[PDB]
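Undergrad: My structure is stored as coords-v3.cif, with mmCIF, N, CA and C atoms and all ligand atoms.
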data_structure
loop_
_atom_site.label_atom_id
_atom_site.label_comp_id
_atom_site.auth_asym_id
_atom_site.auth_seq_id
_atom_site.Cartn_x
_atom_site.Cartn_y
_atom_site.Cartn_z
N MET M 1 -0.98 0.82 -11.32
CA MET M 1 -0.31 2.14 -11.29
C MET M 1 0.64 2.21 -10.11
N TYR M 2 1.59 3.14 -10.16
CA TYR M 2 2.39 3.45 -8.99
C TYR M 2 1.55 4.24 -8.00
N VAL M 3 1.38 3.68 -6.80
CA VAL M 3 0.84 4.45 -5.69
C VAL M 3 1.92 5.37 -5.13
N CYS M 4 3.14 4.85 -5.00
CA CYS M 4 4.26 5.56 -4.38
C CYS M 4 5.41 5.65 -5.38
N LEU M 5 5.60 6.84 -5.95
CA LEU M 5 6.69 7.03 -6.90
C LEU M 5 8.04 7.05 -6.21
N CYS M 6 8.11 7.55 -4.98
CA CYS M 6 9.39 7.64 -4.29
C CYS M 6 10.01 6.27 -4.06
N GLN M 7 9.18 5.25 -3.80
CA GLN M 7 9.67 3.91 -3.54
C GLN M 7 9.33 2.93 -4.66
N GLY M 8 8.60 3.37 -5.68
CA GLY M 8 8.21 2.49 -6.76
C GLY M 8 7.32 1.35 -6.29
N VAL M 9 6.25 1.68 -5.57
CA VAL M 9 5.28 0.70 -5.07
C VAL M 9 3.99 0.86 -5.86
N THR M 10 3.51 -0.24 -6.43
CA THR M 10 2.29 -0.23 -7.22
C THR M 10 1.10 -0.62 -6.36
N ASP M 11 -0.10 -0.37 -6.90
CA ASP M 11 -1.31 -0.80 -6.21
C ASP M 11 -1.33 -2.31 -6.06
N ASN M 12 -0.89 -3.04 -7.09
CA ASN M 12 -0.85 -4.49 -7.01
C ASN M 12 0.11 -4.97 -5.92
N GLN M 13 1.21 -4.25 -5.70
CA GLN M 13 2.16 -4.66 -4.67
C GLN M 13 1.60 -4.45 -3.27
N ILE M 14 0.76 -3.43 -3.08
CA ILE M 14 0.09 -3.25 -1.80
C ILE M 14 -0.92 -4.37 -1.57
N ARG M 15 -1.73 -4.68 -2.58
CA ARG M 15 -2.67 -5.79 -2.45
C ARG M 15 -1.94 -7.09 -2.15
N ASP M 16 -0.84 -7.35 -2.84
CA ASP M 16 -0.11 -8.59 -2.63
C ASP M 16 0.49 -8.65 -1.23
N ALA M 17 0.96 -7.50 -0.71
CA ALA M 17 1.43 -7.44 0.67
C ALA M 17 0.34 -7.86 1.64
N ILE M 18 -0.90 -7.43 1.39
CA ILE M 18 -2.01 -7.82 2.25
C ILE M 18 -2.31 -9.31 2.08
N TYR M 19 -2.41 -9.78 0.84
CA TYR M 19 -2.65 -11.20 0.61
C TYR M 19 -1.59 -12.05 1.28
N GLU M 20 -0.36 -11.54 1.34
CA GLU M 20 0.77 -12.29 1.87
C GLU M 20 0.93 -12.15 3.38
N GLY M 21 0.12 -11.32 4.04
CA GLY M 21 0.13 -11.30 5.50
C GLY M 21 -0.25 -10.00 6.18
N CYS M 22 -0.04 -8.87 5.53
CA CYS M 22 -0.29 -7.59 6.18
C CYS M 22 -1.78 -7.35 6.37
N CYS M 23 -2.12 -6.62 7.43
CA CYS M 23 -3.51 -6.28 7.71
C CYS M 23 -3.74 -4.78 7.86
N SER M 24 -2.70 -3.96 7.75
CA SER M 24 -2.79 -2.55 8.07
C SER M 24 -1.84 -1.77 7.17
N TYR M 25 -2.13 -0.47 7.02
CA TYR M 25 -1.21 0.40 6.30
C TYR M 25 0.16 0.39 6.97
N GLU M 26 0.19 0.37 8.30
CA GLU M 26 1.47 0.39 9.00
C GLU M 26 2.33 -0.81 8.63
N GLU M 27 1.72 -2.00 8.56
CA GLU M 27 2.48 -3.19 8.18
C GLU M 27 2.90 -3.13 6.71
N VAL M 28 2.00 -2.70 5.83
CA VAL M 28 2.36 -2.57 4.42
C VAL M 28 3.50 -1.58 4.26
N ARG M 29 3.47 -0.51 5.05
CA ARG M 29 4.54 0.48 5.00
C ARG M 29 5.88 -0.14 5.36
N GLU M 30 5.92 -0.93 6.43
CA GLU M 30 7.17 -1.57 6.82
C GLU M 30 7.58 -2.65 5.83
N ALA M 31 6.62 -3.33 5.21
CA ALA M 31 6.93 -4.43 4.30
C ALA M 31 7.35 -3.95 2.92
N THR M 32 6.83 -2.82 2.44
CA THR M 32 7.08 -2.35 1.09
C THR M 32 7.81 -1.01 1.01
N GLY M 33 7.83 -0.23 2.09
CA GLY M 33 8.39 1.10 2.04
C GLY M 33 7.43 2.17 1.57
N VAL M 34 6.21 1.80 1.15
CA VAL M 34 5.25 2.79 0.68
C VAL M 34 5.07 3.85 1.75
N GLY M 35 5.12 5.11 1.34
CA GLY M 35 4.82 6.21 2.23
C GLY M 35 5.90 6.56 3.22
N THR M 36 7.12 6.03 3.07
CA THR M 36 8.18 6.28 4.03
C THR M 36 9.06 7.47 3.67
N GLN M 37 8.91 8.03 2.47
CA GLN M 37 9.69 9.19 2.07
C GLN M 37 8.87 10.46 2.27
N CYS M 38 8.37 11.06 1.18
CA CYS M 38 7.61 12.29 1.32
C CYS M 38 6.28 12.05 2.02
N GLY M 39 5.73 10.84 1.92
CA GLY M 39 4.50 10.49 2.60
C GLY M 39 3.22 10.94 1.91
N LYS M 40 3.31 11.62 0.77
CA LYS M 40 2.12 12.16 0.11
C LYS M 40 1.19 11.07 -0.40
N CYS M 41 1.69 9.86 -0.63
CA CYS M 41 0.89 8.76 -1.16
C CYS M 41 0.15 7.99 -0.08
N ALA M 42 0.25 8.40 1.18
CA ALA M 42 -0.29 7.59 2.26
C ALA M 42 -1.80 7.43 2.13
N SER M 43 -2.53 8.51 1.86
CA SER M 43 -3.98 8.40 1.75
C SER M 43 -4.37 7.44 0.64
N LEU M 44 -3.69 7.53 -0.51
CA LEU M 44 -3.98 6.61 -1.61
C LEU M 44 -3.65 5.18 -1.22
N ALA M 45 -2.52 4.98 -0.55
CA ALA M 45 -2.13 3.64 -0.13
C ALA M 45 -3.13 3.08 0.88
N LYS M 46 -3.57 3.90 1.82
CA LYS M 46 -4.58 3.46 2.77
C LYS M 46 -5.89 3.11 2.08
N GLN M 47 -6.23 3.82 1.00
CA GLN M 47 -7.42 3.47 0.23
C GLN M 47 -7.28 2.09 -0.38
N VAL M 48 -6.10 1.77 -0.94
CA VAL M 48 -5.88 0.45 -1.52
C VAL M 48 -5.99 -0.62 -0.44
N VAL M 49 -5.41 -0.36 0.74
CA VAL M 49 -5.51 -1.31 1.85
C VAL M 49 -6.96 -1.54 2.23
N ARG M 50 -7.70 -0.45 2.46
CA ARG M 50 -9.10 -0.56 2.84
C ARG M 50 -9.91 -1.31 1.79
N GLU M 51 -9.70 -1.00 0.51
CA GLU M 51 -10.42 -1.70 -0.54
C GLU M 51 -10.08 -3.19 -0.56
N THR M 52 -8.80 -3.52 -0.37
CA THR M 52 -8.40 -4.92 -0.43
C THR M 52 -9.00 -5.71 0.73
N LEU M 53 -8.94 -5.16 1.94
CA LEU M 53 -9.52 -5.85 3.09
C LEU M 53 -11.03 -6.02 2.93
N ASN M 54 -11.72 -4.99 2.43
CA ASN M 54 -13.16 -5.09 2.22
C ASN M 54 -13.51 -6.17 1.21
N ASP M 55 -12.60 -6.44 0.27
CA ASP M 55 -12.85 -7.44 -0.76
C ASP M 55 -12.55 -8.86 -0.28
N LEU M 56 -11.97 -9.01 0.90
CA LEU M 56 -11.78 -10.33 1.49
C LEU M 56 -12.96 -10.67 2.40
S1 LIG C 1 5.13 9.23 -3.13
FE1 LIG C 1 5.16 7.68 -1.60
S2 LIG C 1 6.55 8.48 -0.14
FE2 LIG C 1 6.56 10.05 -1.68
#
So, in terms of structure tokens, how does the structure I just supplied come out?

TA:
Amino acid sequence: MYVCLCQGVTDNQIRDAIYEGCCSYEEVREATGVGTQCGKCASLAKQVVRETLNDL
């Protein structure tokens, strides 16, 4: 699904950003743009980050 409609970032793209090097929402934000516009998706994006890290 789209986590961030403003930037067109999917849950899979957040996971892949982590697999590819990111360790934090802040890094995923800079790498993908998630949460940089209205910011309403930040909590959901942080949930995806937390879930992905816990699964590693
Ligand atoms: S929905 Fe992600 S910044 Fe607006």

Undergrad: Hey, can I get the axis-aligned box for stretch 15-31 of chain M? All listed atoms, 6 Å padding on each side, centre and edge lengths in Å to one decimal, as lines of an AutoDock Vina configuration file.

TA:
center_x = 1.9
center_y = -5.9
center_z = 3.1
size_x = 23.3
size_y = 24.8
size_z = 23.8

Undergrad: Please list as an MDAnalysis selection string every residue within 10 Å of stretch 20-29 of chain M, counting only C-alpha atoms and excluding residues in the same chain fewer than 6 positions away.

TA: chainID M and resid 13:14 35:36 42:43 45:50 52:53

Undergrad: Any residue with an atom at most 6 Å from ligand LIG 1 (chain C) counts, using only N, CA and C atoms and all ligand atoms. Which are they? Put them as a list in words.

TA: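 These are the residues that qualify: residues 3, 4, 5, 6, 7, 34, 35, 36, 37, 38, 39, 40, 41 and 42 of chain M.
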
Undergrad: Between atom CA of residue M:11 and atom CA of residue M:56, what is the distance, to one decimal in Å?

TA: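 Straight-line distance from atom CA of residue M:11 to atom CA of residue M:56 works out to 16.1 Å.
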
Undergrad: For the structure I just gave you, how does DSSP split chain M - specifically, which residues are strand (DSSP E or B)? Reply as a PyMOL selection string.

TA: chain M and resi 2-4+9-10

Undergrad: Per DSSP on the backbone, filter chain M down to the residues in alpha helix (DSSP H) and report them as a PyMOL selection string.

TA: chain M and resi 11-19+25-32+42-54

Undergrad: Rounded to one decimal in Å, what is the spacing between atom N of residue M:12 and atom C of residue M:44?

TA: 10.5 Å

Undergrad: Please measure the separation of atom N of residue M:1 and atom C of residue M:16, giving the value in Å to one decimal.

TA: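 Atom-to-atom, atom N of residue M:1 to atom C of residue M:16, that is 13.9 Å.
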
Undergrad: Could stretch 29-48 of chain M be completed with N, CA, C and O atoms and returned as a PDB file, in the frame of the given file?

TA:
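Result went into result-v4.pdb, see below:
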ATOM      1  N   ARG M  29       3.470  -0.510   5.050  1.00  0.00           N
ATOM      2  CA  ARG M  29       4.540   0.480   5.000  1.00  0.00           C
ATOM      3  C   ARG M  29       5.880  -0.140   5.360  1.00  0.00           C
ATOM      4  O   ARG M  29       6.878   0.054   4.654  1.00  0.00           O
ATOM      5  N   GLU M  30       5.920  -0.930   6.430  1.00  0.00           N
ATOM      6  CA  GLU M  30       7.170  -1.570   6.820  1.00  0.00           C
ATOM      7  C   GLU M  30       7.580  -2.650   5.830  1.00  0.00           C
ATOM      8  O   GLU M  30       8.781  -2.849   5.601  1.00  0.00           O
ATOM      9  N   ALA M  31       6.620  -3.330   5.210  1.00  0.00           N
ATOM     10  CA  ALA M  31       6.930  -4.430   4.300  1.00  0.00           C
ATOM     11  C   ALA M  31       7.350  -3.950   2.920  1.00  0.00           C
ATOM     12  O   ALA M  31       8.165  -4.616   2.264  1.00  0.00           O
ATOM     13  N   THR M  32       6.830  -2.820   2.440  1.00  0.00           N
ATOM     14  CA  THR M  32       7.080  -2.350   1.090  1.00  0.00           C
ATOM     15  C   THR M  32       7.810  -1.010   1.010  1.00  0.00           C
ATOM     16  O   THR M  32       8.344  -0.690  -0.054  1.00  0.00           O
ATOM     17  N   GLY M  33       7.830  -0.230   2.090  1.00  0.00           N
ATOM     18  CA  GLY M  33       8.390   1.100   2.040  1.00  0.00           C
ATOM     19  C   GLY M  33       7.430   2.170   1.570  1.00  0.00           C
ATOM     20  O   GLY M  33       7.795   3.353   1.564  1.00  0.00           O
ATOM     21  N   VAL M  34       6.210   1.800   1.150  1.00  0.00           N
ATOM     22  CA  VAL M  34       5.250   2.790   0.680  1.00  0.00           C
ATOM     23  C   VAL M  34       5.070   3.850   1.750  1.00  0.00           C
ATOM     24  O   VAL M  34       4.923   3.534   2.934  1.00  0.00           O
ATOM     25  N   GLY M  35       5.120   5.110   1.340  1.00  0.00           N
ATOM     26  CA  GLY M  35       4.820   6.210   2.230  1.00  0.00           C
ATOM     27  C   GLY M  35       5.900   6.560   3.220  1.00  0.00           C
ATOM     28  O   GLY M  35       5.632   7.327   4.154  1.00  0.00           O
ATOM     29  N   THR M  36       7.120   6.030   3.070  1.00  0.00           N
ATOM     30  CA  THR M  36       8.180   6.280   4.030  1.00  0.00           C
ATOM     31  C   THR M  36       9.060   7.470   3.670  1.00  0.00           C
ATOM     32  O   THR M  36       9.897   7.859   4.491  1.00  0.00           O
ATOM     33  N   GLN M  37       8.910   8.030   2.470  1.00  0.00           N
ATOM     34  CA  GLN M  37       9.690   9.190   2.070  1.00  0.00           C
ATOM     35  C   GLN M  37       8.870  10.460   2.270  1.00  0.00           C
ATOM     36  O   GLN M  37       8.663  10.893   3.404  1.00  0.00           O
ATOM     37  N   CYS M  38       8.370  11.060   1.180  1.00  0.00           N
ATOM     38  CA  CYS M  38       7.610  12.290   1.320  1.00  0.00           C
ATOM     39  C   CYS M  38       6.280  12.050   2.020  1.00  0.00           C
ATOM     40  O   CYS M  38       5.752  12.962   2.663  1.00  0.00           O
ATOM     41  N   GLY M  39       5.730  10.840   1.920  1.00  0.00           N
ATOM     42  CA  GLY M  39       4.500  10.490   2.600  1.00  0.00           C
ATOM     43  C   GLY M  39       3.220  10.940   1.910  1.00  0.00           C
ATOM     44  O   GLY M  39       2.130  10.640   2.421  1.00  0.00           O
ATOM     45  N   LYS M  40       3.310  11.620   0.770  1.00  0.00           N
ATOM     46  CA  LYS M  40       2.120  12.160   0.110  1.00  0.00           C
ATOM     47  C   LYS M  40       1.190  11.070  -0.400  1.00  0.00           C
ATOM     48  O   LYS M  40      -0.010  11.325  -0.574  1.00  0.00           O
ATOM     49  N   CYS M  41       1.690   9.860  -0.630  1.00  0.00           N
ATOM     50  CA  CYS M  41       0.890   8.760  -1.160  1.00  0.00           C
ATOM     51  C   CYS M  41       0.150   7.990  -0.080  1.00  0.00           C
ATOM     52  O   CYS M  41      -0.528   7.010  -0.398  1.00  0.00           O
ATOM     53  N   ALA M  42       0.250   8.400   1.180  1.00  0.00           N
ATOM     54  CA  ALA M  42      -0.290   7.590   2.260  1.00  0.00           C
ATOM     55  C   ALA M  42      -1.800   7.430   2.130  1.00  0.00           C
ATOM     56  O   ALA M  42      -2.330   6.319   2.300  1.00  0.00           O
ATOM     57  N   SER M  43      -2.530   8.510   1.860  1.00  0.00           N
ATOM     58  CA  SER M  43      -3.980   8.400   1.750  1.00  0.00           C
ATOM     59  C   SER M  43      -4.370   7.440   0.640  1.00  0.00           C
ATOM     60  O   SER M  43      -5.265   6.606   0.807  1.00  0.00           O
ATOM     61  N   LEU M  44      -3.690   7.530  -0.510  1.00  0.00           N
ATOM     62  CA  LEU M  44      -3.980   6.610  -1.610  1.00  0.00           C
ATOM     63  C   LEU M  44      -3.650   5.180  -1.220  1.00  0.00           C
ATOM     64  O   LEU M  44      -4.415   4.249  -1.513  1.00  0.00           O
ATOM     65  N   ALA M  45      -2.520   4.980  -0.550  1.00  0.00           N
ATOM     66  CA  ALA M  45      -2.130   3.640  -0.130  1.00  0.00           C
ATOM     67  C   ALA M  45      -3.130   3.080   0.880  1.00  0.00           C
ATOM     68  O   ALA M  45      -3.511   1.906   0.795  1.00  0.00           O
ATOM     69  N   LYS M  46      -3.570   3.900   1.820  1.00  0.00           N
ATOM     70  CA  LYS M  46      -4.580   3.460   2.770  1.00  0.00           C
ATOM     71  C   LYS M  46      -5.890   3.110   2.080  1.00  0.00           C
ATOM     72  O   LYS M  46      -6.608   2.205   2.517  1.00  0.00           O
ATOM     73  N   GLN M  47      -6.230   3.820   1.000  1.00  0.00           N
ATOM     74  CA  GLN M  47      -7.420   3.470   0.230  1.00  0.00           C
ATOM     75  C   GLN M  47      -7.280   2.090  -0.380  1.00  0.00           C
ATOM     76  O   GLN M  47      -8.224   1.288  -0.356  1.00  0.00           O
ATOM     77  N   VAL M  48      -6.100   1.770  -0.940  1.00  0.00           N
ATOM     78  CA  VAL M  48      -5.880   0.450  -1.520  1.00  0.00           C
ATOM     79  C   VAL M  48      -5.990  -0.620  -0.440  1.00  0.00           C
ATOM     80  O   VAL M  48      -6.592  -1.676  -0.651  1.00  0.00           O
TER      81      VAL M  48
END
